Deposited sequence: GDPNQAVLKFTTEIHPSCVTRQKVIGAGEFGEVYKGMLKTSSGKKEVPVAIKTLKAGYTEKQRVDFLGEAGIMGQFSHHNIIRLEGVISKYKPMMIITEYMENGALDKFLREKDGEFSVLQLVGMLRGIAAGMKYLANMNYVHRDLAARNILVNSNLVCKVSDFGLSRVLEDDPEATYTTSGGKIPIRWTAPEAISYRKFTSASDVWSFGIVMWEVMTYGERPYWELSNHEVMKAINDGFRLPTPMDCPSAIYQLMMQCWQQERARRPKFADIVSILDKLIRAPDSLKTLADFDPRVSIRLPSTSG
């Protein structure tokens, strides 16, 4: 059902991270570069179910803005999940290393792509639960692909998911709003140094993240509506994609900027 790759076609080269019960590698597939997640000897029944379940769901997704599965090794050990390789890595680190290097139109384009991937997931009845810039990969065309590397992300999570574990595509919309703020700030840490409890207290008291610098008014308005306490009031991903698409296609719309609240005053004559 899911494309099975023979192990002789896979060459693991470099460790790039860790999995639930295995490592993640960069490698080559027979040669196309790939990323490879392994499940190592001793894995439990639950871990096998979760691993092959992940491969199965990934193999069903076919969208420009969702990481693409090349295939799986399930008939030999170690088992492996093999995806396309994204040369620019994770979005959060990418933007922190490229501060100021992109145009507003490029940044908004990345958000449209993320939103289109999320619309697809939500429509497929897949709730992500961990949407954050650390879980988005960037290719050499600046295309953002929603992914999930595994883990608690209080600062990205909607109030109802924190409070009573209600994870839905509307809590993913909240998280998307946070991602919008991450992108427009080049990977600033949401809420800066506030502790997790201080973040939750602030949200419940009605505070929201302030405008990024150089942020189109329309983009700030959209992120703010993703952060409505009442789940039913938030936009759906279809609404988000539509808005972002219309802003990009009429790019003068992005020239009107929201006011940035200075945290520091410098007086010169």
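Walk along the deposited sequence from position 1 and note every stretch that has no C-alpha coordinates. In the chain as deposited, 1-9, 40-45, 167-184, 303-306 carry no coordinates.
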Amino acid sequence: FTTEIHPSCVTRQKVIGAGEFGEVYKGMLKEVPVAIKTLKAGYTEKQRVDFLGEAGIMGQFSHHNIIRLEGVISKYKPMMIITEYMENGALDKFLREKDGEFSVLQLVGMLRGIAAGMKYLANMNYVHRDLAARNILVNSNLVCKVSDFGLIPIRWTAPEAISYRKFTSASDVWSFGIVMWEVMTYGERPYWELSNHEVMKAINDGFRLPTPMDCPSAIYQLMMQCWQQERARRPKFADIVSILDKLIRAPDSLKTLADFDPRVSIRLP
From here on, numbers count along this sequence of modelled residues.
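Think of the rigid core as the biggest set of C-alphas that the two forms share within 1.5 Å after superposition.
With everything overlaid on the rigid core, name the stretch, 215-223 or 66-74, whose CA atoms wander farther on average in 9 other deposited structures of this protein. The more displaced stretch in 9 other deposited structures of this protein turns out to be 66-74.
Between 79-87 and 102-110, larger RMS Cα displacement in 9 other deposited structures of this protein after core fit: It is 79-87 that deviates more in 9 other deposited structures of this protein.
What about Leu194, left without coordinates in a third or more of the other entries of this protein that model its neighbours? Looking at the other entries that model residues on either side of it, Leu194 is present in every one.
Please confirm whether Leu95, modelled here, goes without coordinates in at least one third of the other compared entries that cover both its neighbours. Across the compared entries, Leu95 is modelled every time.
Where do the C-alpha atoms have the higher mean temperature factor in this entry, in 31-39 or in 201-209? Going by the record's values, the stretch with the higher mean is 31-39.
Which is higher on mean Cα B factor in this entry, 62-70 or 41-49? Mean CA B-factor is higher for 41-49.
Using only modelled residues of the chain, where does the Cα B factor of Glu193 rank: lowest third, middle third or highest third? For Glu193, whose C-alpha B-factor we compare with every modelled residue in the chain, the answer is the middle third.
Just say lowest, middle or highest third for the CA B-factor of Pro153 relative to the other modelled residues in its chain. Highest third.
Please say which third, lowest, middle or highest, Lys93 falls into when its CA temperature factor is compared across its chain. Middle third, going by the recorded CA B-factors of the chain.
Lowest, middle or highest third: where is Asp172 by Cα B-factor in its chain? Lowest third.
Chain-wide C-alpha B factor ranking for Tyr126, given as lowest, middle or highest third: For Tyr126, whose C-alpha B-factor we compare with every modelled residue in the chain, the answer is the middle third.
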